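K.L.:
Sending over a structure as structure tokens; questions will come in a sec.
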Amino acid sequence: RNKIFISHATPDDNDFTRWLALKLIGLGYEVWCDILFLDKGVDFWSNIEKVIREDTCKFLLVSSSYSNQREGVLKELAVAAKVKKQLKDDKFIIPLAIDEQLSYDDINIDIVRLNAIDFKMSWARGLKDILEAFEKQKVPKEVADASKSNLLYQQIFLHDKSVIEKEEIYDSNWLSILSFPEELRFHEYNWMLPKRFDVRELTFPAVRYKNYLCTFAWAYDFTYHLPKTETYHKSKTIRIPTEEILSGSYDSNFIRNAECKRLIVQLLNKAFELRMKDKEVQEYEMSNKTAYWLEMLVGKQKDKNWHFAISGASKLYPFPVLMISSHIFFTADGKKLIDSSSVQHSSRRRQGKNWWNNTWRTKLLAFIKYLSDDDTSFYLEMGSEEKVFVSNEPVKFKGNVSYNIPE
Amino acid sequence: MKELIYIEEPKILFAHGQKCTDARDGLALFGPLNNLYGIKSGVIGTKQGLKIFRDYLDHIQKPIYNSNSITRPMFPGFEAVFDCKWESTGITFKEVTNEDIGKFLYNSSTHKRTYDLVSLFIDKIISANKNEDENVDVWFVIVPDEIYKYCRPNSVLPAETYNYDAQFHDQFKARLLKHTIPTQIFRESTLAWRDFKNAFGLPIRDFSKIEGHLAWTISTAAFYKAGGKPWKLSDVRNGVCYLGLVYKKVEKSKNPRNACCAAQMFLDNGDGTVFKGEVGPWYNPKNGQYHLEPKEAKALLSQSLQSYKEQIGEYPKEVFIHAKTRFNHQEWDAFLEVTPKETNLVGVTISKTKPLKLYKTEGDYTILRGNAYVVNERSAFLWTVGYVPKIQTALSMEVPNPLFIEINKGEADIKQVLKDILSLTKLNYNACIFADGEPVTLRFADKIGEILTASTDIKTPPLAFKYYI
Amino acid sequence: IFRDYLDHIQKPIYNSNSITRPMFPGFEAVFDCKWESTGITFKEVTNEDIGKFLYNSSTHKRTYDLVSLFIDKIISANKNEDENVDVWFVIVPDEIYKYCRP
DNA sequence: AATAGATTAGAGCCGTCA
RNA sequence: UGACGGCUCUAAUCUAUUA
Ligand SMILES: [Mg+2]
């Protein structure tokens with residue numbers, strides 16, 4: 001006889017029973033409990049009686065408002081009383097009172113006359129009382145060990161949940177850039193274009209640089225805004241292919257490689273802005289960037305409709321991509337933004353509360369797929385006969401470790 | 001297709017040489033390293049504040065539960081966990097009359113009233129420390145909500161004292177530095193939250209489901225601030241030193257005059273864990289620039305190397321300077337002009353402003369935590385926030401962001417850098433959490449920097465973290 | 001020496017005459033509190049410095065140096081650390097006490 | 001004094017159940 | 001200021017070019 005039998009209510013006293021059973025197993029005792037076993041079933045009955053009758057040395061009972069008048073507990077108490085009579089041991093059953101709502105005058109007749117251990121005001125002194133009682137009654141025990149307790153804990157709540165070797169695929173918010181024009185060209189309108197022309201309003205993306213014009217466009221493009229351009233000798237156009245400056249294998253006193261990359265990024269950003277203007281999508285000037293949204297991608301929240309929105313920035317590191325962000329914006333009637341940034345912050349904080357992974361990714365891919373041009377790509381028009389082609393499916397990543405999502 | 005890699009959990013250490021991945025589980029199973037005997041507390045506050053603190057102490061002597069025992073381990077009582085006594089009988093009271101508090105919180109000037117209130121409290125604390133017999137391990141400052149509402153720098157009210165920060169907490173902690181008195185600041189609505197309600201009959205802050213989490217946090221902070229060691233790292237290698245750097249702006253002066261503070265961490269060689277601030281604030285006169293002049297860089301690195309040598313007896317075999325910024329060539333040349341010949345100096349940059357988000361294609365649960373994407377031999381992304389299968393939940397609510405780690409200078413192995421950055425997320429003694437989202441070398445250095453930037457009179461400050469956090 | 005002495009007085013101590021000098025029944029049996037060698041926080045001071053200072057032949061100078069040496073350590077420990085220490089016991093060699101008179 | 005890109009810091013509000 | 005996380009708003013500085 002080495003076991004110490006703990007009786008309790010299975011779904012109600014689980015916390016205290018687990019705590020006490022693991023503490024006792026750490027101290028070095030041997031414990032039998034129905035929360036210490038997996039793969040149960042026909043085990044109930046025909047095995048509880050055997051362990052109570054032939055293995056148990058002490059019968060700890062957890063006394064609470066739930067264990068009072070419970071059939072299994074009462075039957076186990078009856079068997080324990082018969083066993084106590086069978087042996088010469090009056091201190092075979094030790095009630096433990098924990099429920100402040102169980103008055104000591106409302107105890108079942110089986111244990112009304114027994115001396116219990118109090119746990120209500122604190123559990124540490126109750127544990128000390130149990131330990132002292134066991135030492136005084138010479139209950140069997142081995143050398144104290146708690147590594148054993150940790151190992152056992154693992155066998156149950158760590159196997160049912162750990163990481164698993166499982167191949168999965170993810171979606172990201174990056175869109176790869178597919179096409180680049182062949183040769184960026186600089187048109188020398190040496191003191192031919194007006195000095196304060198504000199070249200940001202032209203028909204194609206342009207960027208002033210020295211007395212030149214940095215653009216992907218064609219020599220006599222944008223003639224409406226610059227009338228005096230037909231008389232222009234085309235041989236004075238300094239032509240540099242895009243691949244060489246992208247790979248970093250170009251540098252000269254006229255322009256460095258980093259500067260070329262920066263101007264290319266500027267051109268890409270302006271082209272994206274102009275195209276989104278072409279797409280006829282609403283704007284939203286954020287603190288430093290601009291967002292876009294549609295007048296499910298639109299829905300309701302009490303008196304305010306929520307609008308999924310995106311913002312896009314183009315980068316050349318790690319690889320040429322167009323990174324996307326996700327936002328929510330709110331309107332009084334689906335057409336006019338509320339002119340209150342604090343209200344927008346509060347609404348966006350309380351609306352993304354219930355949006356999980358799938359919601360975010362599905363809405364993002366729905367919005368991006370809506371901008372697709374024909375079948376699988378989306379082009380940014382850099383000139384009359386120049387385009388930059390961008391993908392409509394985000395980049396995938398692969399991994400070999402995952403979890404089992406055990407509900 | 002791009003390939004990801006996984007990094008295993010670092011594990012932490014507890015009493016009896018037992019390792020675990022969680023601090024709550026390992027504290028409930030095994031217990032802390034050292035043996036305290038009991039916490040004797042000094043409580044300065046109003047009468048109702050004293051009653052509130054007493055009631056809270058009477059509340060954490062018993063088990064306290066959360067709503068879910070898997071997502072959040074429960075609290076089995078202070079003495080069950082920490083094997084020491086912290087009870088509401090070893091308390092000394094220093095009354096603060098409410099009339100004074102009302103008097104000083106009206107001057108229509110944030111700086112002046114903040115200075116007056118901090119003076120009010122620290123006067124009593126200092127007098128009690130100097131001229132009395134009772135011994136106090138930690139001082140608990142109970143603060144009404146009206147004081148907390150109007151003392152923020154951007155707080156509206158519906159010269160001599162202007163050389164101080166307009167924040168009560170930082171000024172209070174800085175003006176007590178030259179006395180070295182550990183203290184814990186509590187709001188009145190934090191210990192008795194059920195009583196403070198909004199105009200609907202419900203608590204403003206609802207802790208009903210996370211009471212055990214609050215008990216864990218408060219108990220761990222009180223235990224650590226009284227000289228307790230809750231846990232330590234289990235696989236720190238020998239001869240490696242970790243050095244954090246963070247910049248703050250000394251506002252409220254003619255010169256913004258950026259300042260720099262560092263935090264240090266290495267192995268004791270007694271199998272301990274030396275983790276203390278390394279700070280004498282170093283300055284850069286030029287505005288907007290976050291780089292050290294050669295003199296300051298030489299001084300900082302020399303001091304850190306000398307501290308390591310004195311503790312250990314030899315110079316380090318490797319120094320990792322974690323930072324939130326890049327280094328320039330003057331900075332690193334100054335750094336390299338004092339480092340010993342046979343030492344390796346690596347400068348890492350940890351950045352958070354880099355858009356990238358991975359979405360699982362099927363479920364409503366985010367990416368696994370310890371995943372990483374290696375762009376290049378000198379760069380890689382790292383997910384320190386994400387799903388943790390142990391607790392059947394994630395450390396965030398929306399899709400988490402990764403950290404962009406870059407080996408800016410030196411020559412190292414990026415995989416080992418990621419492995420070391422992930423383990424440093426397991427030392428937030430200022431909280432009781434599963435794991436942090438940022439290395440603690442860059443967080444406690446920031447806390448120190450924001451503490452000793454609210455005053456100008458501080459000289460040779462203390463380095464033990466219990467006087468700042 | 002301090003650890004030895006603290007361990008000694010945890011048990012009852014008697015005198016030769018129990019009428020003139022009532023016994024000591026042990027520290028905790030009397031004062032109802034715990035004071036053992038588990039709540040100590042040592043601060044080693046190398047004998048090299050102490051020996052070096054106590055040779056200057058000028059009493060005021062060496063007294064100043066010794067006091068500065070000790071109080072710097074005590075104040076640093078008080079201020080820059082999270083440890084709670086109530087009474088700071090100072091164990092001083094005999095030669096320091098002897099040679100610190102006007 | 002303007003136009004960019006690219007990098008830094010500071011405040012301040014909201015959610016944590018299910 | 002018991003934590004942590006995610007957002008939004010507001011400053012700088014550097015680099016190239018133009019005036
Ligand atoms: Mg704290």
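Just so we're on the same page: first chain in the structure tokens is A, next is B, and so on; residues restart at 1 for each chain, and ligands are numbered from 1 in the order they show up.
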Select all residues from chain B having any atom no more than 9 Å from an atom of chain D (counting only C-alpha atoms (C1' of nucleotides), ignoring ligands), output as a compact mmCIF listing (two decimals) with N, CA, C and O atoms, in the first residue's frame.
P.N.:
# COMPACT_ATOMS: atom_id res chain seq x y z
N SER B 67 -9.81 33.53 -15.69
CA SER B 67 -10.93 32.87 -16.35
C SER B 67 -10.52 31.54 -16.97
O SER B 67 -11.27 30.56 -16.91
N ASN B 154 1.55 66.82 -21.43
CA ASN B 154 0.49 67.36 -22.27
C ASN B 154 -0.85 67.35 -21.55
O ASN B 154 -1.85 66.85 -22.05
N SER B 208 -11.59 41.63 -13.96
CA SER B 208 -12.33 40.49 -13.43
C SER B 208 -11.76 39.17 -13.90
O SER B 208 -11.72 38.19 -13.14
N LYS B 209 -11.30 39.11 -15.15
CA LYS B 209 -10.80 37.86 -15.73
C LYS B 209 -9.29 37.71 -15.63
O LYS B 209 -8.78 36.63 -15.93
N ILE B 210 -8.56 38.76 -15.23
CA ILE B 210 -7.11 38.72 -15.23
C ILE B 210 -6.56 39.11 -13.86
O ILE B 210 -5.48 39.71 -13.76
N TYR B 247 19.18 56.48 -27.31
CA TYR B 247 19.29 57.93 -27.27
C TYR B 247 17.98 58.56 -26.82
O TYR B 247 16.89 58.08 -27.14
N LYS B 248 18.11 59.64 -26.05
CA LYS B 248 16.98 60.46 -25.63
C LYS B 248 17.32 61.92 -25.89
O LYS B 248 18.47 62.28 -26.13
N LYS B 249 16.30 62.77 -25.84
CA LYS B 249 16.45 64.20 -26.06
C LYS B 249 16.25 64.92 -24.74
O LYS B 249 15.21 64.78 -24.09
N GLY B 288 19.69 66.63 -33.56
CA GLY B 288 19.24 65.69 -34.56
C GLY B 288 20.19 64.56 -34.86
O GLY B 288 19.83 63.65 -35.62
N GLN B 289 21.40 64.57 -34.29
CA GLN B 289 22.42 63.58 -34.59
C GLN B 289 22.53 62.59 -33.44
O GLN B 289 22.63 63.00 -32.28
N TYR B 290 22.52 61.31 -33.77
CA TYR B 290 22.51 60.23 -32.79
C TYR B 290 23.78 59.40 -32.89
O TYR B 290 23.75 58.17 -32.87
N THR B 325 19.92 52.33 -33.87
CA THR B 325 20.40 53.19 -34.94
C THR B 325 21.57 52.52 -35.64
O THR B 325 22.04 51.45 -35.22
N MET B 397 -2.67 40.64 -30.81
CA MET B 397 -4.08 40.52 -31.17
C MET B 397 -4.30 40.55 -32.67
O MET B 397 -5.06 39.72 -33.19
K.L.:
Which residues are near ligand 1 - at most 9 Å, using only C-alpha atoms (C1' of nucleotides) and all ligand atoms? Format: as a list in words.
P.N.:
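Within the 9 Å cut-off, the matching residues are residues 184, 185, 217, 218, 221, 222, 225, 429, 430, 431, 466, 468 and 469 of chain B; 1, 2 and 3 of chain E.
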K.L.:
Near chain B, which residues of chain E fall within 12 Å when you count only C-alpha atoms (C1' of nucleotides), and what do they look like as a list in words?
P.N.:
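Selected residues: residues 1, 2, 3, 4, 5, 6, 7, 11, 12, 13 and 14 of chain E.
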K.L.:
Go ahead and save the picked residues with C-alpha atoms (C1' of nucleotides), as a PDB file, in the first residue's frame.
P.N.:
ATOM      1  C1'   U E   1       2.463  55.317 -12.900  1.00  0.00           C
ATOM      2  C1'   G E   2       0.824  46.731 -12.457  1.00  0.00           C
ATOM      3  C1'   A E   3       2.181  44.805 -17.837  1.00  0.00           C
ATOM      4  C1'   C E   4       2.406  43.965 -22.858  1.00  0.00           C
ATOM      5  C1'   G E   5       0.837  44.673 -27.766  1.00  0.00           C
ATOM      6  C1'   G E   6      -1.117  47.359 -31.909  1.00  0.00           C
ATOM      7  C1'   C E   7      -2.130  51.959 -33.917  1.00  0.00           C
ATOM      8  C1'   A E  11       9.087  67.058 -34.771  1.00  0.00           C
ATOM      9  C1'   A E  12      14.036  66.653 -36.449  1.00  0.00           C
ATOM     10  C1'   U E  13      18.581  65.537 -39.050  1.00  0.00           C
ATOM     11  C1'   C E  14      21.189  63.698 -43.341  1.00  0.00           C
TER      12        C E  14
END
K.L.:
Write down, as number ranges by chain, each residue of chain A that has any atom within 12 Å of an atom of chain D, counting only C-alpha atoms (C1' of nucleotides).
P.N.:
A: 196, 198-200, 206-209, 258-267, 269-270, 313-316, 341-354
K.L.:
For each of B:140, B:359, B:275, B:381, take the minimum atom-to-atom distance to chain A, counting only C-alpha atoms, then give the residue where this is smallest.
P.N.:
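Of the candidates, the smallest distance to chain A is held by B:359.
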K.L.:
Please identify every residue of chain E that has at least one atom no farther than 7 Å from an atom of chain A, counting only C-alpha atoms (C1' of nucleotides), and for each give the shortest atom pair and the distance in Å to one decimal, arranged by chain then increasing number, as a tab-separated table.
P.N.:
residue	atom	partner	partner_atom	distance
E:8	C1'	A:345	CA	6.4
E:9	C1'	A:287	CA	6.6
E:16	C1'	A:259	CA	6.9
E:17	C1'	A:209	CA	5.5
K.L.:
For residue C:1, please output as a ChimeraX atom specification all residues within 9 Å (counting only C-alpha atoms (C1' of nucleotides); exclusion window: fewer than 4 positions along the same chain).
P.N.:
/C:5-6,91
K.L.:
Please check the contacts: residues of chain B at most 7 Å away from chain C, using only C-alpha atoms, listed as a ChimeraX atom specification.
P.N.:
/B:36,135,137,177-182,225-227,461-467
K.L.:
Grab the residues selected above and save them as a compact mmCIF listing (two decimals), in the first residue's frame with C-alpha atoms.
P.N.:
# COMPACT_ATOMS: atom_id res chain seq x y z
CA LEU B 36 14.57 35.98 1.42
CA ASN B 135 13.89 49.08 8.54
CA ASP B 137 12.77 47.06 2.16
CA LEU B 177 18.37 58.66 -6.74
CA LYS B 178 21.10 60.05 -4.48
CA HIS B 179 19.44 58.35 -1.48
CA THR B 180 19.02 54.87 -3.05
CA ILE B 181 15.55 54.03 -1.73
CA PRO B 182 13.71 51.30 -3.68
CA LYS B 225 12.59 45.28 -5.76
CA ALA B 226 13.28 43.86 -2.27
CA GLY B 227 16.42 41.98 -3.33
CA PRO B 461 24.06 57.67 -10.39
CA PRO B 462 23.45 54.13 -9.11
CA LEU B 463 23.57 51.23 -11.56
CA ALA B 464 21.32 48.65 -9.87
CA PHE B 465 18.03 48.53 -11.77
CA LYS B 466 15.87 48.51 -8.63
CA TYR B 467 16.39 52.29 -8.26
K.L.:
Please list as a short mmCIF file (atom, residue, chain, number, x, y, z; two decimals) with N, CA and C atoms, in the first residue's frame every residue within 12 Å of residue C:9, counting only C-alpha atoms (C1' of nucleotides) and excluding residues in the same chain fewer than 3 positions away.
P.N.:
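Output contents, as saved in result27.cif:
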data_model
loop_
_atom_site.label_atom_id
_atom_site.label_comp_id
_atom_site.auth_asym_id
_atom_site.auth_seq_id
_atom_site.Cartn_x
_atom_site.Cartn_y
_atom_site.Cartn_z
N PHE C 2 31.66 37.51 11.84
CA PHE C 2 30.27 37.91 12.02
C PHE C 2 29.32 36.73 11.83
N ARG C 3 29.56 35.90 10.82
CA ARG C 3 28.70 34.75 10.59
C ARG C 3 28.78 33.78 11.76
N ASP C 4 29.99 33.50 12.24
CA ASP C 4 30.14 32.66 13.42
C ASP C 4 29.32 33.20 14.58
N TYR C 5 29.48 34.49 14.88
CA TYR C 5 28.79 35.05 16.04
C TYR C 5 27.28 34.98 15.87
N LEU C 6 26.76 35.30 14.68
CA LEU C 6 25.32 35.25 14.50
C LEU C 6 24.79 33.83 14.66
N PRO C 12 20.31 29.08 23.24
CA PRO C 12 20.41 29.70 24.56
C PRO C 12 21.85 29.74 25.06
N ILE C 13 22.21 30.85 25.70
CA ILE C 13 23.52 31.02 26.32
C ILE C 13 23.32 31.30 27.80
N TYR C 14 24.20 30.75 28.63
CA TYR C 14 24.15 30.91 30.07
C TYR C 14 25.40 31.61 30.57
N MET C 23 20.06 34.42 32.17
CA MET C 23 20.54 33.73 30.98
C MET C 23 20.08 34.43 29.71
N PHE C 24 20.67 34.00 28.59
CA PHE C 24 20.20 34.38 27.26
C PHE C 24 19.53 33.17 26.63
N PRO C 25 18.23 33.21 26.32
CA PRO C 25 17.56 32.00 25.82
C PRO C 25 17.62 31.84 24.30
N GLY C 26 18.45 32.62 23.63
CA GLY C 26 18.52 32.56 22.18
C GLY C 26 17.83 33.74 21.54
N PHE C 27 18.28 34.09 20.33
CA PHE C 27 17.83 35.33 19.72
C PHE C 27 16.35 35.29 19.37
N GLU C 28 15.90 34.24 18.69
CA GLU C 28 14.51 34.17 18.25
C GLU C 28 13.57 33.85 19.40
N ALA C 29 14.04 33.07 20.38
CA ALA C 29 13.23 32.81 21.57
C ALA C 29 12.94 34.08 22.35
N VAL C 30 13.72 35.14 22.14
CA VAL C 30 13.55 36.40 22.85
C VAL C 30 12.79 37.39 21.99
N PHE C 31 13.35 37.71 20.82
CA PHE C 31 12.94 38.88 20.06
C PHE C 31 11.89 38.59 19.00
N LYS C 34 13.53 36.91 12.93
CA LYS C 34 14.55 36.07 12.30
C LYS C 34 15.76 36.92 11.95
N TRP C 35 16.93 36.53 12.47
CA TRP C 35 18.19 37.19 12.16
C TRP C 35 19.27 36.11 12.10
N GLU C 36 19.52 35.61 10.89
CA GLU C 36 20.52 34.57 10.65
C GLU C 36 21.44 35.02 9.53
N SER C 37 22.38 34.15 9.16
CA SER C 37 23.32 34.44 8.08
C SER C 37 22.77 34.00 6.73
#
K.L.:
So the first atom is atom CA of residue B:71 and the second is atom CA of residue A:357; what is the distance between them in Å, to one decimal place?
P.N.:
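According to the coordinates, atom CA of residue B:71 and atom CA of residue A:357 are separated by 19.1 Å.
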K.L.:
Nearest to chain B among A:323, A:36, A:98, A:371, with distances taken over only C-alpha atoms: which residue is it?
P.N.:
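Answer, going by the shortest atom-to-atom distance: A:323.
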K.L.:
Give the helix (DSSP H, G or I) residues of chain C, as DSSP finds them on the backbone, and put them as number ranges by chain.
P.N.:
C: 2-8, 27-31, 47-53, 59-79, 94-98
K.L.:
Write to file, as a tab-separated table (two decimals), in the first residue's frame, the residues of the selection just made, with N, CA and C atoms.
P.N.:
chain	number	residue	atom	x	y	z
C	2	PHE	N	31.66	37.51	11.84
C	2	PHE	CA	30.27	37.91	12.02
C	2	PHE	C	29.32	36.73	11.83
C	3	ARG	N	29.56	35.90	10.82
C	3	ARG	CA	28.70	34.75	10.59
C	3	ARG	C	28.78	33.78	11.76
C	4	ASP	N	29.99	33.50	12.24
C	4	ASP	CA	30.14	32.66	13.42
C	4	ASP	C	29.32	33.20	14.58
C	5	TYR	N	29.48	34.49	14.88
C	5	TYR	CA	28.79	35.05	16.04
C	5	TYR	C	27.28	34.98	15.87
C	6	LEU	N	26.76	35.30	14.68
C	6	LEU	CA	25.32	35.25	14.50
C	6	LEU	C	24.79	33.83	14.66
C	7	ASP	N	25.52	32.83	14.17
C	7	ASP	CA	25.08	31.45	14.38
C	7	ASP	C	25.11	31.07	15.85
C	8	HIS	N	26.02	31.65	16.63
C	8	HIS	CA	26.18	31.26	18.02
C	8	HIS	C	24.97	31.64	18.87
C	27	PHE	N	18.28	34.09	20.33
C	27	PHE	CA	17.83	35.33	19.72
C	27	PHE	C	16.35	35.29	19.37
C	28	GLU	N	15.90	34.24	18.69
C	28	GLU	CA	14.51	34.17	18.25
C	28	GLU	C	13.57	33.85	19.40
C	29	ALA	N	14.04	33.07	20.38
C	29	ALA	CA	13.23	32.81	21.57
C	29	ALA	C	12.94	34.08	22.35
C	30	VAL	N	13.72	35.14	22.14
C	30	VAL	CA	13.55	36.40	22.85
C	30	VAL	C	12.79	37.39	21.99
C	31	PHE	N	13.35	37.71	20.82
C	31	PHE	CA	12.94	38.88	20.06
C	31	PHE	C	11.89	38.59	19.00
C	47	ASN	N	42.38	43.96	1.95
C	47	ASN	CA	43.29	44.45	2.97
C	47	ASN	C	44.40	45.31	2.39
C	48	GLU	N	44.63	45.25	1.07
C	48	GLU	CA	45.69	46.04	0.47
C	48	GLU	C	45.46	47.53	0.69
C	49	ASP	N	44.25	48.01	0.38
C	49	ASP	CA	43.95	49.42	0.55
C	49	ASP	C	44.05	49.84	2.01
C	50	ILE	N	43.47	49.04	2.91
C	50	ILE	CA	43.46	49.40	4.32
C	50	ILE	C	44.89	49.50	4.85
C	51	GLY	N	45.73	48.52	4.50
C	51	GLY	CA	47.12	48.60	4.91
C	51	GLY	C	47.84	49.78	4.31
C	52	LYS	N	47.59	50.05	3.03
C	52	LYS	CA	48.28	51.15	2.35
C	52	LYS	C	47.97	52.49	3.01
C	53	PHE	N	46.70	52.73	3.34
C	53	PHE	CA	46.32	54.03	3.87
C	53	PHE	C	46.88	54.25	5.27
C	59	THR	N	47.60	61.61	11.43
C	59	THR	CA	46.39	60.96	11.93
C	59	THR	C	45.15	61.44	11.20
C	60	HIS	N	45.02	62.76	11.00
C	60	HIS	CA	43.83	63.29	10.35
C	60	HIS	C	43.70	62.77	8.93
C	61	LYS	N	44.81	62.74	8.19
C	61	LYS	CA	44.77	62.28	6.80
C	61	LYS	C	44.31	60.83	6.71
C	62	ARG	N	44.90	59.95	7.52
C	62	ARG	CA	44.56	58.54	7.42
C	62	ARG	C	43.15	58.27	7.92
C	63	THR	N	42.71	58.99	8.96
C	63	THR	CA	41.33	58.86	9.39
C	63	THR	C	40.37	59.27	8.27
C	64	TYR	N	40.66	60.39	7.61
C	64	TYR	CA	39.83	60.83	6.50
C	64	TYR	C	39.80	59.78	5.40
C	65	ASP	N	40.96	59.22	5.05
C	65	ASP	CA	41.02	58.25	3.97
C	65	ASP	C	40.22	57.01	4.30
C	66	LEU	N	40.37	56.48	5.52
C	66	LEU	CA	39.64	55.28	5.91
C	66	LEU	C	38.14	55.53	5.89
C	67	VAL	N	37.71	56.65	6.46
C	67	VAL	CA	36.28	56.94	6.51
C	67	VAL	C	35.71	57.09	5.11
C	68	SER	N	36.43	57.80	4.23
C	68	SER	CA	35.97	57.92	2.85
C	68	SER	C	35.87	56.56	2.19
C	69	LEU	N	36.90	55.72	2.36
C	69	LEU	CA	36.90	54.40	1.75
C	69	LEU	C	35.65	53.62	2.14
C	70	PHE	N	35.31	53.63	3.43
C	70	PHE	CA	34.17	52.84	3.88
C	70	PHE	C	32.84	53.46	3.42
C	71	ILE	N	32.69	54.77	3.58
C	71	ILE	CA	31.38	55.37	3.34
C	71	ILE	C	31.06	55.41	1.85
C	72	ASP	N	32.07	55.53	0.99
C	72	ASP	CA	31.80	55.46	-0.44
C	72	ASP	C	31.12	54.14	-0.79
C	73	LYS	N	31.68	53.03	-0.30
C	73	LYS	CA	31.09	51.73	-0.55
C	73	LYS	C	29.69	51.63	0.01
C	74	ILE	N	29.50	52.07	1.26
C	74	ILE	CA	28.17	51.94	1.87
C	74	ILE	C	27.14	52.76	1.11
C	75	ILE	N	27.51	53.98	0.70
C	75	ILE	CA	26.55	54.85	0.02
C	75	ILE	C	26.22	54.31	-1.37
C	76	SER	N	27.23	53.81	-2.09
C	76	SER	CA	26.96	53.21	-3.39
C	76	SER	C	26.01	52.03	-3.25
C	77	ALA	N	26.25	51.17	-2.25
C	77	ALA	CA	25.37	50.04	-2.03
C	77	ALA	C	23.95	50.50	-1.71
C	78	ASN	N	23.82	51.54	-0.89
C	78	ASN	CA	22.49	52.04	-0.55
C	78	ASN	C	21.76	52.55	-1.78
C	79	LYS	N	22.44	53.33	-2.61
C	79	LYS	CA	21.76	54.09	-3.66
C	79	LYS	C	21.52	53.28	-4.93
C	94	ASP	N	41.54	45.58	14.62
C	94	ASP	CA	41.93	46.19	15.89
C	94	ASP	C	42.91	47.33	15.68
C	95	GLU	N	43.88	47.16	14.78
C	95	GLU	CA	44.90	48.18	14.59
C	95	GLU	C	44.30	49.49	14.11
C	96	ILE	N	43.21	49.44	13.35
C	96	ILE	CA	42.55	50.67	12.93
C	96	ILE	C	41.98	51.40	14.14
C	97	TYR	N	41.31	50.67	15.03
C	97	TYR	CA	40.76	51.30	16.22
C	97	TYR	C	41.86	51.90	17.08
C	98	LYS	N	42.97	51.17	17.25
C	98	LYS	CA	44.02	51.63	18.15
C	98	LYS	C	44.63	52.94	17.68
K.L.:
Considering only C-alpha atoms (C1' of nucleotides), return as a PyMOL selection string whatever protein or nucleic-acid residues lie within 10 Å of residue B:293, sequence-local ones (same chain, fewer than 5 positions apart) excluded.
P.N.:
chain B and resi 282-285+298+330-331+334
K.L.:
Extract, using only C-alpha atoms (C1' of nucleotides), all DNA, RNA and protein residues at most 12 Å from residue B:26, discarding same-chain residues fewer than 3 positions from it, and format them as an NGL selection string.
P.N.:
(:A and (146-147 or 149-150 or 153)) or (:B and (11-23 or 29-33 or 73 or 81-82 or 230-232 or 432 or 434))
K.L.:
Write out as a ChimeraX atom specification each polymer residue whose atoms come within 12 Å of residue B:360, counting only C-alpha atoms (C1' of nucleotides); drop sequence neighbours fewer than 5 positions from it.
P.N.:
/A:167-172,356-362,396-399,402-403 /B:365-368,386-387,399
